[PDB]
Amino acid sequence: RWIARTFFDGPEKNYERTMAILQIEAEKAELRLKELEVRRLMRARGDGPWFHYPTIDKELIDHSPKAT
Amino acid sequence: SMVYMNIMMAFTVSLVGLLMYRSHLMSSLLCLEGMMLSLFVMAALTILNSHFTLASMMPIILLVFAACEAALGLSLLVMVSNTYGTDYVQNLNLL
Amino acid sequence: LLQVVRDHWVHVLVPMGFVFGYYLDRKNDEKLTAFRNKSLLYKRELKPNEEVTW
Amino acid sequence: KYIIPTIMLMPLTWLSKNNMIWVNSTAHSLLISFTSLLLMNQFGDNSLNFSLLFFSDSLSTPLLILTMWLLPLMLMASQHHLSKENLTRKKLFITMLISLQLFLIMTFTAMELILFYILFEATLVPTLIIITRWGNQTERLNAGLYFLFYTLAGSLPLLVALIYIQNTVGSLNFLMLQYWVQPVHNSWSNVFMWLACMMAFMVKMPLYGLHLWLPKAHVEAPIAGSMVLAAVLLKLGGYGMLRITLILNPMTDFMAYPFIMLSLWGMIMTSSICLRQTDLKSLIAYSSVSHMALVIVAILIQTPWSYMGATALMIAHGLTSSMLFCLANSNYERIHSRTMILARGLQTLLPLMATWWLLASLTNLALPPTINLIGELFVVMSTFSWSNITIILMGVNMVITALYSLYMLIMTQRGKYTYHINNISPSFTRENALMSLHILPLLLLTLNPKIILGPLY
Amino acid sequence: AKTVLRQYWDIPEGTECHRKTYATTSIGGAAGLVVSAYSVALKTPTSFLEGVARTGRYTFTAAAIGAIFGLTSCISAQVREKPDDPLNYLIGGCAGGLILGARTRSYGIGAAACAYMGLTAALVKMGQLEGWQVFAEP
Amino acid sequence: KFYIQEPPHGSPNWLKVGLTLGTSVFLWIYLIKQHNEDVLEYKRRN
Amino acid sequence: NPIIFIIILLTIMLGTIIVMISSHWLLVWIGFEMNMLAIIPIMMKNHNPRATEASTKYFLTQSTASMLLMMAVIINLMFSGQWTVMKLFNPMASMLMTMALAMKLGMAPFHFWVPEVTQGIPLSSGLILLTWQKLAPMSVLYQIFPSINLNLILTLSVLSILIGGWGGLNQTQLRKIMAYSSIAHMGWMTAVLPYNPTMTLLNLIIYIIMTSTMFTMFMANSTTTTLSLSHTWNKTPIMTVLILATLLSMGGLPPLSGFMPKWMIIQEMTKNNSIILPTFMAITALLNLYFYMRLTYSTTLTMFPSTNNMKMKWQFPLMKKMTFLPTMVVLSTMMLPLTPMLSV
Amino acid sequence: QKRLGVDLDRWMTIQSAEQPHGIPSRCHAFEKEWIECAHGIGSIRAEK
Amino acid sequence: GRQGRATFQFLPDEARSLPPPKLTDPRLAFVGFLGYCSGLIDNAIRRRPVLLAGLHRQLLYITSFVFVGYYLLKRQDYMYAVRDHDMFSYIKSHXXXXXXXXXXXXXXXXXXX
Amino acid sequence: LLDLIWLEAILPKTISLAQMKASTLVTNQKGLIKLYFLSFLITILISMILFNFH
Amino acid sequence: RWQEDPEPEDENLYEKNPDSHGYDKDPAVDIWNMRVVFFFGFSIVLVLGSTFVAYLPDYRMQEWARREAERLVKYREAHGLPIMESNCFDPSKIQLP
Amino acid sequence: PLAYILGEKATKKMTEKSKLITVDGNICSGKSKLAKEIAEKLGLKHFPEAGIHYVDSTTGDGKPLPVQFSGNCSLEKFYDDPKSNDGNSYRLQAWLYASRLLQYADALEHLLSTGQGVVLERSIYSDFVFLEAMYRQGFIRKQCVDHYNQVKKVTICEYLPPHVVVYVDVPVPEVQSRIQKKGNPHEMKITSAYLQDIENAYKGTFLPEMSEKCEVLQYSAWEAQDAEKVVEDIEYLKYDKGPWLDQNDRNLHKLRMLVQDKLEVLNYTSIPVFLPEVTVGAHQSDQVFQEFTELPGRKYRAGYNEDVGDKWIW
């Protein structure tokens with residue numbers, strides 16, 4: 001009982017805790033698997049703003065020339 | 001199509017002429033002039049046929065940088081003839 | 001008071017370093033506060049004290 | 001609580017004056033070892049979590065306590081050695097032992113496969129410098145080159161294995177998170193996936209093949225018989241085998257079947273060579289192959305009994321073999337050549353050390369239950385459930401374990417020592433302290449080793 | 001050539017043997033010419049006299065490596081059932097890697113390469129599955 | 001010894017010493033004031 | 001040399017800026033040839049027969065490199081006709097683009113100049129200007145990361161570590177070992193470019209800093225292993241400890257931050273269903289470590305290079321980045337593993 | 001571009017741009033389709 | 001992954017300066033230790049007595065690594081947020097690509113021994 | 001036979017092979033810019049025909 | 001000949017000069033190190049430490065389960081019919097086919 | 001040293017009425033010491049001849065280091081009676097060459113910064129006369145001379161200008177009687193054939209020294225000890241078409257940068273080639289380097305040290 005105080009965390013700790021660490025771990029694992037799933041799609045088809053190659057130009061010239 | 005079958009062929013012939021050697025180091029620099037000359041004609045035909053007007057200045061700039069290499073590399077060739085008697089590929093010391 | 005600081009300048013650092021480790025790792029409990037009162041395993045509605053599990 | 005007192009041991013040696021050094025490095029590590037036994041011994045229903053994953057927790061690790069116990073014990077042995085060298089290099093050396101123990105604290109506590117591996121390989125660099133410098137014998141460079149040739153060629157296949165598993169299934173990181181485990185369907189692509197995870201821990205856990213890594217590191221010793229205890233920690237440093245076999249691949253263990261067979265002759269033929277050899281350190285080096293081969297046999301069976309025997313054997317070998325190296329250190333500091341035939345005669349010069357020779361040699365055998373019998377007996381009883389024929393192979397090993405201890409005793413019991421003019425002084429106060437601080441924890445673990453052999457026990 | 005390598009994964013699908021051996025020599029002979037092409041640039045004494053001899057020592061041996069590896073693949077196909085096995089073409093790599101010590105009279109270099117060539121060529125036949133790719137795009 | 005035969009450095013610089021001790025404080029003020037500005041910016045945006 | 005040496009050095013700095021900040025194909029062409037005119041005077045310096053031979057061997061390989069690169073620029077007018085650095089738009093021009101950039105870098109087939117050029121450099125100040133020069137062709141390769149074929153980049157990356165790993169084993173010259181580690185590291189550079197163009201820029205950051213820490217610590221004059229041997233006892237013993245932190249980091253060791261490229265290059269490649277290539281990367285990397293294995297024994301051991309002449313006067317070199325950079329080169333794996341995002 | 005040119009103009013690279021006086025390109029009308037088609041990233045990575 | 005709606009010149013975007021910066025972080029302290037470590041080995045290469053007790057130009061070495069490290073961490077906090085933001089927005093827009101599977105108690109083979 | 005000679009041999013074989021294949025790249029082609037440039041013509045010819053990319 | 005290398009050192013004191021010592025150099029510091037601070041770690045960590053190794057740390061429900069099992073044996077024998085074990089974890093769950 | 005673009009430049013307010021005048025070739029006896037002391041009217045600074053204690057005297061702090069720490073078993077008294085079997089012979093000469101290279105580097109630095117007339121007592125270009133004379137009789141091994149020539153080819157070529165005025169002293173073969181007349185017990189009882197070979201080798205060494213476009217002047221014993229005759233000849237004879245006349249912008253600055261630091265100039269002096277006579281053993285050299293660190297000279301830094309100075313910590 002003396003060893004339980006100021007030397008031990010207790011059974012309440014690491015049961016309420018660790019599950020909190022697992023809750024962050026579950027979020028870290030699912031989003032990393034989602035990142036592997038998103039990059040597998042975004043690289044194959046140019047749909048989103050990920051792995052997009054730069055284009056030539058947006059605007060260059062529109063004025064009237066001396067063309068035929 | 002028609003002309004590009006010769007001037008590209010002249011480039012590949014000069015590409016062989018650079019890397020092939022018969023001990024003379026002067027001939028390699030002479031072929032570097034030809035390489036830039038073949039690049040000059042190939043660029044000229046692409047710009048003159050498809051009327052660019054803006055890109056016509058670019059081979060003129062290319063002509064400047066053609067002579068930049070084919071003089072500063074030529075000056076190093078003279079330094080070989082200062083240290084050694086006559087310029088040869090066989091005459092080397094590096095390992 | 002004057003001789004102890006010069007002779008035992010390094011002798012104090014290691015047990016005080018343990019106190020620094022005792023405090024820093026204790027402060028990590030506030031980072032892990034999710035399901036502290038929640039999750040049915042040791043959960044009980046506390047009234048005299050706020051937040052039983054640390 | 002184990003982060004930044006070992007890091008606070010680093011400036012202690014540099015700041016302290018030239019007269020002290022050794023008095024500070026030992027005293028401010030013994031109280032740190034007291035706190036490990038004070039806090040880490042507590043367990044709930046399953047594995048806990050001390051903090052967020054920088055250093056995690058303990059599941060079946062009283063092996064962490066052993067490293068904390070050897071945290072001052074290496075400094076005890078290297079006292080006669082490094083006494084005539086430069087004072088700045090003494091400060092440089094103790095920090096390198098501390099750095100080894102720093103990463104060793106990290107590897108046992110961290111319940112990762114990614115953070116564990118890079119700090120498992122972070123123990124390789126300090127040992128390399130510790131072996132290749134202060135080596136008393138010539139061709140110590142072969143002991144340095146092959147140390148990183150055998151290990152790294154087997155362990156770099158973990159990078160292509162571990163990252164491949166987390167790319168397919170969630171993430172390895174938290175381990176207690178990793179119960180998304182799908183059974184391995186036994187395919188040809190999965191063949192090299194299993195092999196790459198194992199081969200990394202087939203080098204540090206010595207088999208019959210790829211076992212030359214160990215004796216060369218011991219014959220060409222880092223320091224006489226003092227820094228060999230760190231190489232004993234590297235032997236038990238292959239504890240990742242307990243975690244990989246359990247979590248990463250539980251279904252496919254058909255490929256484990258040839259590896260048990262390879263380590264089965266790594267019991268008899270590794271003990272046969274350890275009978276004629278001249279070097280006293282090599283007679284411990286080849287015996288350390290066989291006792292650590294017991295774990296490799298055990299783990300690959302994957303039965304609950306084998307894990308009880310293995311975890312006991314990891315602690316058993318860490319305090320018994322290291323104690324034998326301290327006896328080899330005491331003989332080498334007097335004669336300056338580790339020849340067994342030359343150094344012959346106890347009791348005539350060393351009366352008290354002869355009793356400590358017995359309490360260290362006989363522990364290789366199964367004495368009244370210390371931790372070695374408790375380690376071995378559960379493994380032999382586990383091999384019978386695997387196959388009935390094993391005890392015929394295991395029984396030969398039980399005979400040659402007596403040929404380990406008694407042959408070390410008899411070749412020192414023969415009272416002569418005619419050519420020896422040295423070894424006049426019996427033993428220093430710190431010399432007998434090494435004999436006590438290694439054996440008395442083994443004697444205290446005779447009573448109740450419940451907090452030693454504990455993977456759910 | 002890429003066209004010849006793609007033909008190599010169509011002949012063993014059936015039971016054709018006499019054209020399979022010629023397909024392996026066309027790879028081994030061409031790869032023998034590649035290794036020998038660098039050896040010409042290593043200063044050959046007397047041009048077109050010992051330079052032809054330097055090509056003759058490499059191209060003939062490398063084609064013979066492919067010839068035996070081609071032939072033993074057909075012997076292992078006829079004898080014993082189950083055509084698709086890593087162990088089936090392991091002996092083919094061993095017999096093909098046996099004549100590496102036939103270039104020079106030593107019988108030790110070829111014997112050491114026998115286990116190495118036998119294992120590496122088996123990995124190629126292991127690489128028919130989806131879990132083995134040398135080059136990838138995404 | 002008394003630094004005989006012309007010493008290269010006695011270190012009474014005050015030119016380099018004044019700038020090294022000076023600019024470090026100038027770095028301290030520049031980092032905290034922008035941090036205090038960013039603390040106000042984080043509250044205003046969200 | 002007065003201001004003119006700084007002006008020449010500033011035009012290499014300006015030369016790569018034209019390569020970095022660019023959109024036009026002839027603009028980067030100038031940027032490469034701005035360096036060609038500016039490295040050669042620093043290649044010469046001390047009026048040596050070795051310096052004349054190295055510069056001529058350097059020029060004739062790299063002048064042909066630029067003219068092969070200009071061919072790729074002209075084919076980009078033959079087809080499409082757009083002069084914006086984004087894609088080659090050709091299966092033919094992409095071949096003449098990658099192989100031309102391989103000539104300027106230390107990639108597999110055009111590597112023969114690298115060791116003999118490095119030997120002919122007079123001083124440690126000129127030795128930096130090859131490791132820093134490799135930023136210029138790498139910057140273009142980052143811009144044209146698509147439309148370039150795997151069969152003629154990855155083969156040149158795999159072979160370069162093979163020839164780099166066997167190219168320093170029969171060498172004792174300190175310049176030659178650094179020249180073949182250059183060939184070795186370039187294989188780790190171009191292997192990432194298809195499997196996400198990111199981390200190639202960070203691989204430069206680790207490499208350029210780690211190479212610059214070497215030559216700044218080689219300011220105490222040493223050209224061979226036997227000349228760097230007399231350093232443990234005749235010279236300062238703390239200097240051997242700090243070079244040990246840079247020798248071991250160049251090889252694949254996790255406690256040091258030279259493992260930080262070998263962290264992500266394998267990680268990004270394994271994401272895209274390729275395992276057989278990263279295995280071949282790590283095993284051949286041990287041969288690169290093996291050069292430093294025998295080179296650590298020059299500093300860790302006594303090795304008996306005493307020499308009767310003893311130096312009493314303290315060494316005073318330049319040592320500009322010799323203190324700030326090795327602290328980052330030794331430890332950054334624990335400091336910034338999130339720096340992948342900050343760099344690219 | 002590895003480093004972009006912000007708040008400064010040094011382009012004049014693409015065809016059918018600002019004319020020297022008023023002189024047209026030989027393929028002026030075709031790039032009026034091409035630049036307008038591929039101004040976004042949709043047909044840059046896929047090019048279909 | 002790669003940059004899309006982002007431009008160079010001035011490393012942080014300033015338009016997306018919403019997330020809170022790192023305040024007294026353990027990551028800042030470790031670079032601060034490296035700033036101190038760079039101020040220890042400078043007295044080792046250039047021969048100066050006592051790495052701990054020497055010349056006080058070390059204050060510049062501590063501040064520089066903290067200053068550069070702060071903006072480097074600010075770039076880290078920005079780029080990791082944007083990479084996450086573009087990932088979340090891709091799922092919200094398409095929806096058909098990311099499929100959800102829930103509630104399963106599927107039969108699996110049991111291993112012996 | 002086993003523990004010293006044969007069980008070691010497997011990797012000393014790869015050490016001896018790496019040291020033997022080192023000479024085929026270091027000691028090979030002693031000087032001469034002719035010899036280095038002649039090999040470059042072959043590498044282009046391999047890339048055009050053998051390792052074909054159009 | 002080496003002209004510098006031949007200088008051998010062989011000095012093992014142990015008893016000659018300090019009379020009673022654990023290590024060389026300074027006898028006053030040696031008594032305080034080899035006999036005092038080594039033995040305080042020999043006393044506290046081994047004797048006062050032994051009251052933490054196995055002596056009352058509770059330790060993974062070893063004594064807890066004894067009080068838990070004894071009350072469950074009497075409960076399922078008097079009230080229930082099966083003797084504490086029949087089916088594990090799954091009472092009428094989802095079938096395989 | 002690095003930024004010379006401002007006021008401080010080479011040949012600025014210098015190289016006019018200031019020249020390096022080397023007084024060398026004293027055969028065996030200390031005859032050059034009298035001529036150098038007399039030549040103090042025109043020349044501003046006159047450096048003494050380099051010995052065993054010079055390396056500790058310069059750059060250190062006043063008092064010379066002990067014989068065990070400064071030069072490993074190196075003594076001038078051992079060369080007075082030279083003997084076989086693990087003796088000095090060559091390793092003292094290698095230490096003597098290192099000291100003479102050090103004093104020339106200091107003198108040339110003293111010439112470039114603040115233009116003054118520098119007088120040197122036996123320079124680098126007279127050292128091979130002192131070595132080859134010892135080689136003619138059975139003293140030094142053949143391989144050691146070739147080791148010396150490797151140092152000779154590297155260290156000298158770093159310095160572009162050799163000398164301005166070289167003084168030649170040719171005395172009578174009865175110079176051994178003058179050496180016996182001088183109060184030196186160590187210098188006495190030396191070989192007469194060695195001193196005769198030293199004068200014979202110097203005659204064939206003075207010819208390339210004179211042909212190297214440096215003003216060479218010969219002096220006799222009767223012409224010696226003259227303050228008026230020696231000074232008038234130095235002022236009248238002008239150096240023309242010599243290697244000393246070089247470009248101030250390129251040649252002089254590169255010479256000044258190489259001579260600015262002592263460690264940079266002596267970096268080429270340490271040869272990697274292993275020699276049994278040149279001290280190879282590291283085990284005893286480890287304690288010898290530790291004894292130098294234990295010594296209260298420098299040990300801690302280039303300038304400031306504990307229990308020596310240090311006004312401020314920063």
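Residues numbered from 1 in each chain as written, not as in the entry; some residues may be left out. Chains lettered and ligands numbered in written order. Part of a larger assembly, values for the part shown. Heavy atoms only, no water. Residues with missing side-chain atoms left out of burial classes, pairs and counts.

- Chain J appears in the PDB entry as NADH-ubiquinone oxidoreductase chain 5 from Bos taurus.

- As annotated in the PDB entry, chain H carries the name NADH dehydrogenase [ubiquinone] iron-sulfur protein 5 and comes from Bos taurus.

1. Looking at the overall build of chain J
- Per the secondary structure count, chain J includes three helices and zero strands.
- Each helix and strand of chain J, placed in order from N terminus to C terminus, yields the pattern α-α-α.
- Its C-alpha atoms give chain J a radius of gyration of 19 Å, clearly above 10 Å, the size a compact globule of 54 residues would have.
- Counting only C-alpha atoms, chain J reaches 55 × 30 × 10 Å along its principal axes. (Helix = DSSP H or I, 4+ residues; strand = E, 2+ residues; numbered from the N terminus. Rg over C-alpha atoms; globule rule 2.2 N^0.38 Å.)

2. Points about the overall build of chain H
- The secondary structure content of chain H amounts to one helix and zero strands.
- Dimensions of chain H along its principal axes, counting C-alpha atoms only, are 35 × 30 × 15 Å.

3. Here we look at the pairing of strand β3 (residues 118–121) of chain L
Residues and elements named next belong to chain L.
- Pairing between strand β1 (residues 21–24) and β3: three bridges, direction parallel. Bridge pairing in β3 links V23 to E121.
- Where strand β2 (residues 45–47) meets β3, three bridges bridge the pair, whose relative direction is parallel. In the sheet register, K45 faces β3, and the bridge partner there is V118. (Pairing = 2+ DSSP bridges.)

4. A closer look at the sheet that holds β3(L)
Residues and elements named next belong to chain L.
- Sheet architecture is open: five strands sit in the order β2-β3-β1-β4-β5, paired in parallel fashion. The open sheet has two edge strands with one neighbour each: β2 and β5 (215–219). Adjacent strand axes in the sheet meet at a mean angle of 20 degrees, parallel and antiparallel pairs treated alike. (Axes fitted to C-alpha atoms, helices over the stretch in contact; angles between N-to-C directions.)

5. A few points about the interface of chain G and chain B
- Each side of the interface is counted separately: chain G has 37 residues, and chain B has 35 residues.
- At the level of secondary structure, the elements contributing two or more residues to the side of chain G that touches chain B comprise α2 (25–44), α3 (49–78) and α5 (113–119) of chain G.
- Residue contributions to the side of chain G that touches chain B peak at 21 residues, all from α3(G).
- Residues of the side of chain G that touches chain B, tallied by class, amount to 19 nonpolar, twelve polar and six charged. (Contact = heavy atoms within 4.5 Å. Nonpolar A, V, L, I, M, F, W, Y, C, P; charged D, E, K, R; others polar.)

6. Focus on the interface of chain D and chain K
- Contacts between the two partners involve 36 residues from chain D, matched on the other side by 29 residues from chain K.
- Mapped by element, the contributors of at least two residues to the side of chain D that touches chain K are α2 (22–39), α3 (63–77) and α21 (429–444) of chain D.
- The class makeup of the residues in the side of chain D that touches chain K is 21 nonpolar, twelve polar and three charged.

7. Description of the arrangement of the chains
- Counting contacts across all 28 pairs of chains that touch, the top-ranked interface belongs to chains B and G.
- When C-alpha atoms are compared, chain C and chain E, though not in contact, are closest at a spacing of 38 Å.
- Separated in space, chain A and chain L share no contact, their closest pair of C-alpha atoms being 45 Å apart.

8. Focus on the packing of helix α4 (residues 87–109) of chain D against helix α6 (residues 124–132) of chain D
Residues and elements named next belong to chain D.
- At a minimum axis separation of 9 Å, α4 and α6 run at an interaxial angle of 145 degrees. As for how α4 packs across α6, the hand of that crossing is left-handed. Along the contact surface, α4 presents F93, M96, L97, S99 and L100, while α6 presents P126, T127, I129 and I130.
- Here the residues of the contact of α4 with α6 sort into seven nonpolar, two polar and no charged. (Left-handed = near helix turned anticlockwise from the far one by under 90°.)

9. Examining the packing of aromatic side chains
- Ring centres 6.1 Å apart and planes at 50 degrees place the aromatic pair F:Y30 and I:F67 in the tilted group. Separated into two different chains, F:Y30 in helix α1 (residues 16–45) and I:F67 in helix α3 (residues 58–94) make up a pair that spans both.
- Put simply, the rings of D:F108, D:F116, D:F120, D:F201 and D:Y239 touch in pairs and so form one group of aromatic residues.
- Positioned above the aromatic ring of E:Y58 is the side chain of E:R103, whose terminal nitrogen or guanidinium carbon lies 4.6 Å from the ring centre.
- Above the ring of G:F32, the side-chain terminus of G:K104 is found at 3.5 Å from the ring centroid. (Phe/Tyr/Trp six-rings, centres within 6.5 Å; stacked < 30°, edge-to-face > 60°. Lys NZ or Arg CZ within 6 Å of the ring centre and 35° of its normal.)

10. A closer look at helix α13 (residues 276–295) of chain G
- In this model, α13(G) (20 residues) spans 31 Å end to end at C-alpha, consistent with the 28 Å of a helix rising 1.5 Å per residue.
- Maximum bend of α13(G): about 25 degrees, positioned at G:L289. (Expected span 1.5 Å × (residues − 1). Bend = angle between axes of the 7 residues up to and from the residue.)

11. A closer look at the environment of D:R140
- Take D:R140: it is sitting in the loop between α6 and α7 (141–155).
- With 60 residues separating them in the primary sequence, D:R140 and D:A200 have C-alpha atoms 24 Å apart.
- Residues in contact with D:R140, not counting those within four places in the same chain, are D:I131, D:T132, D:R133, D:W134, D:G135, D:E220 and G:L301.

12. A look at the pattern of salt bridges
- Close ionic contact of D:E431 with D:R430 constitutes a salt bridge, the shortest N to O distance being 3.2 Å.
- Between E:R57 and E:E50 there is a salt bridge, with its nearest N and O atoms 3.3 Å apart. (Salt bridge = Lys/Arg side-chain N within 4 Å of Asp/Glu carboxyl O.)

13. Comments concerning the packing of helix α12 (residues 241–248) of chain D against helix α15 (residues 287–301) of chain D
Residue and element names in this part refer to chain D.
- Where α12 meets α15, the axes come as close as 10 Å, and the angle between the chain directions of the two elements is 10 degrees. What the angle tells us is that α12 and α15 run roughly parallel. Facing α12, whose interface residues are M241, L242 and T245, α15 presents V295, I296 and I299.
- Taken together, the residues of the contact of α12 with α15 sort by class into five nonpolar, one polar and no charged. (Parallel < 35°, antiparallel > 145°, perpendicular 65-115°, else oblique.)

14. Section: the environment of D:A298
Residues and elements named next belong to chain D.
- Here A298 lies in helix α15.
- Each C-alpha atom of the pair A298 and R430 lies 37 Å from the other, and the pair is 132 residues apart in sequence.
- When sequence neighbours within four positions are dropped, the list of residues in contact with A298 reads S306, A310 and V379.

15. Some points on the environment of D:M340
All names here are of chain D.
- By the element assignment, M340 lies in the loop between α16 (304–335) and α17 (353–361).
- Residues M340 and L283 lie 57 residues apart in sequence; the distance between their C-alpha atoms is 9.4 Å.
- The residues touching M340, leaving out its near neighbours within four places in the chain, are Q277, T278, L280, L283, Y407 and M411.

16. Some points on unusual backbone geometry
- At D:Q347, a position not held by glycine, the phi torsion is positive, near 70 degrees.
- With respect to the element layout, D:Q347 can be found in the loop between α16 and α17.
- If you check the backbone angles, I:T24 has positive phi at about 50 degrees while not being a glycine.
- Within the secondary structure, I:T24 is located in the segment before α1 (26–38).

17. Side note on the side chain of D:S58
All names here are of chain D.
- Here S58 is to be found in the loop between α2 and α3.
- Reaching out from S58, the side chain makes a polar contact with the backbone oxygen of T61 at a distance of 3.1 Å.
- Contacts of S58, omitting those with residues within four sequence positions, involve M40, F43, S47 and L48. (Polar contact = N/O pair within 3.5 Å; in protein donor to acceptor, adjacent residues only side chain to side chain.)

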